[PDB]
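All heavy atoms count here, side chains included; hydrogens, waters and symmetry mates do not. Whatever order the structure lists ligands and atoms in, that order sets their numbers, starting from 1. Throughout, protein chains are lettered first and strands after them, A, B, ... in sequence-line order, and every chain is numbered starting at 1.
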Amino acid sequence: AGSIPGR
Amino acid sequence: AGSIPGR
Amino acid sequence: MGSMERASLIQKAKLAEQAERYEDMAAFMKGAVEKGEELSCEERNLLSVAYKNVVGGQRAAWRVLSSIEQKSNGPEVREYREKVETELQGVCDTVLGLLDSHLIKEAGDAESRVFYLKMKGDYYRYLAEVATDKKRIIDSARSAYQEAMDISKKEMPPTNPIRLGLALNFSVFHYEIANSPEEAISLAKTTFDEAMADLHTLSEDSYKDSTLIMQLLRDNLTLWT
Amino acid sequence: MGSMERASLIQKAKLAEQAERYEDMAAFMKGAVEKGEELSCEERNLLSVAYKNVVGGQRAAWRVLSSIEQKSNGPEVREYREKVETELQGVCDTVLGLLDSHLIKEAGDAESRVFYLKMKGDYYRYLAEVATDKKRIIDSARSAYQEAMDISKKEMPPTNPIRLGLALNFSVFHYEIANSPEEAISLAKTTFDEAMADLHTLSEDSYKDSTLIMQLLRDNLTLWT
Ligand SMILES: *Cc1ccc(-n2ccnc2-c2ccccc2Br)cc1Br
Ligand SMILES: *Cc1ccc(-n2ccnc2-c2ccccc2Br)cc1Br
């Protein structure tokens with residue numbers, strides 16, 4: 001799914 | 001202002 | 001790209017567009033142009049879309065950096081703005097070089113010749129945005145747009161999307177580059193009104209294409225008046 | 001970037017971020033790392049943001065091209081997917097090389113060491129996404145994430161944003177790479193619940209940081225259960 005977006 | 005966007 | 005087939009370069013440009021890889025797209029289309037054959041309507045559009053996206057990102061970055069630089073007035077902001085500016089100028093020079101060697105001289109039909117001359121005006125306009133030979137660059141943009149206008153008025157109906165987009169961009173040139181807002185407004189108004197009067201001749205699909213660009217003319221007129 | 005001052009590289013990385021010039025940003029941060037000094041907290045974030053954006057665009061393009069390639073099953077789609085894949089692997093190898101020479105070995109504090117080991121797991125995970133030595137790449141990602149987890153559980157509170165982001169990404173690794181959805185769900189749940197129980201200790205600003213990442217854990221749990 002979603003990983004940390006990173007700004 | 002706005003020129004043709006070009007897709 | 002000299003060792004890749006022309007048809008493979010075109011196919012890869014279409015894939016690059018789908019993947020939003022516009023630098024790749026532009027390199028593939030440059031390779032296709034350098035094969036020396038004329039470009040079809042679809043291929044001209046691929047060339048234009050690729051470089052418009054590449055230079056569009058450069059222009060947006062240059063504007064961010066130029067704003068920071070003006071607010072600050074160390075050397076880093078100026079140095080980095082200069083680096084982006086040099087890269088942008090290099091892309092514009094590349095496109096202008098493709099048009100001069102030899103797309104324009106081989107373009108006989110009004111649709112192709114107007115398309116390329118509009119591109120020539122656009123890329124000189126992008127050079128003008130960052131110039132301070134500024135006058136000569138501005139005149140080169142004006143001369144290209146004017147020749148395209150003259151052909152388009154003789155050879156194309158007033159609703160033709162290339163003719164409409166040319167007039168839109170030339171009006172932006174007048175407003176943003178040439179310090180001629182009244183010329184920009186007059187051109188946008190006349191273009192809109194003459195297109196309006198010719199819509200009755202169009203199919204539903206052509207109507208959609210022409211009215212979309214008319215809305216862009218109206219959007220600029222709303223911002224300018 | 002060897003002739004530019006470290007402080008100028010950092011300043012230019014910040015400008016590149018503002019201009020959304022992430023390839024430039026990554027090159028500036030690579031130059032800063034290669035000066036050989038440890039990175040501050042802010043500088044580690046600049047390094048991570050730059051490369052995450054570069055590889056994020058490559059991964060998105062690879063996925064578009066891989067989908068087209070699978071739908072078609074000429075050589076052009078495979079060739080172009082391979083070209084993007086090689087470029088992506090090159091970026092991952094570059095980041096892994098910076099971590100190995102010599103960011104990780106010099107990182108003594110838990111905050112820096114966990115940050116870099118999480119990055120190591122992430123870039124091996126990106127390699128794993130395109131691999132078919134696939135098992136060894138997966139184990140390298142798992143080993144990096146596991147060492148980061150072990151340190152974070154000993155040295156950081158359960159609400160620490162680096163600890164939370166590490167657990168989030170390791171859970172994604174379990175779900176998407178390691179074919180271990182139950183491990184992914186368990187890790188996300190335990191991480192969320194232990195963070196929830198520690199929120200009472202936080203200031204308003206730290207609360208905002210931690211709860212934002214908890215929402216990402218909850219978003220994944222909602223999609224997985
Ligand atoms: C400069 C220009 C003008 C029109 C087109 N064109 C042709 C067909 N559709 C379009 C178009 C492109 C972008 C926005 C709206 C429209 Br109707 C292409 C170009 Br390069
Ligand atoms: C991997 C990771 C985890 C947390 C952060 N971080 C630190 C402070 N704010 C954030 C952040 C970053 C991205 C989304 C949300 C948040 Br709270 C940074 C990193 Br690389």
D:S48 side chain to D:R44 backbone, donor-acceptor under 3.5 Å: no
Plane angle bin for D:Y51 and D:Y123 - parallel if under 30°, tilted between 30 and 60°, otherwise perpendicular: perpendicular
Numbering as shown, the atoms of ligand 2 that approach D:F115 to under 4.0 Å (heavy-atom distance): 20 (Br)
Closest non-hydrogen atom pair, D:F28 against D:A13: CD1-N, 3.7 Å
Element-labelled atoms of ligand 2 that are located less than 4.0 Å from some non-hydrogen atom of D:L212: 15 (C)
D:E155/D:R163 salt bridge by N-O under 4.0 Å criterion: no
Proximity to ligand 2 by part of D:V49, non-hydrogen separation under 4.0 Å: neither
Residue part near ligand 1, for C:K118, under 4.0 Å between non-hydrogen atoms: side chain
C:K189 atom NZ, neighbour heavy-atom count above 12 within 6.0 Å: no
Proximity of C:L166 to ligand 1 by residue part, where a heavy atom lies under 4.0 Å: neither
The one among C:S48, C:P161, C:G165 that brings a heavy atom closest to atom 4 (C) of ligand 1: C:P161
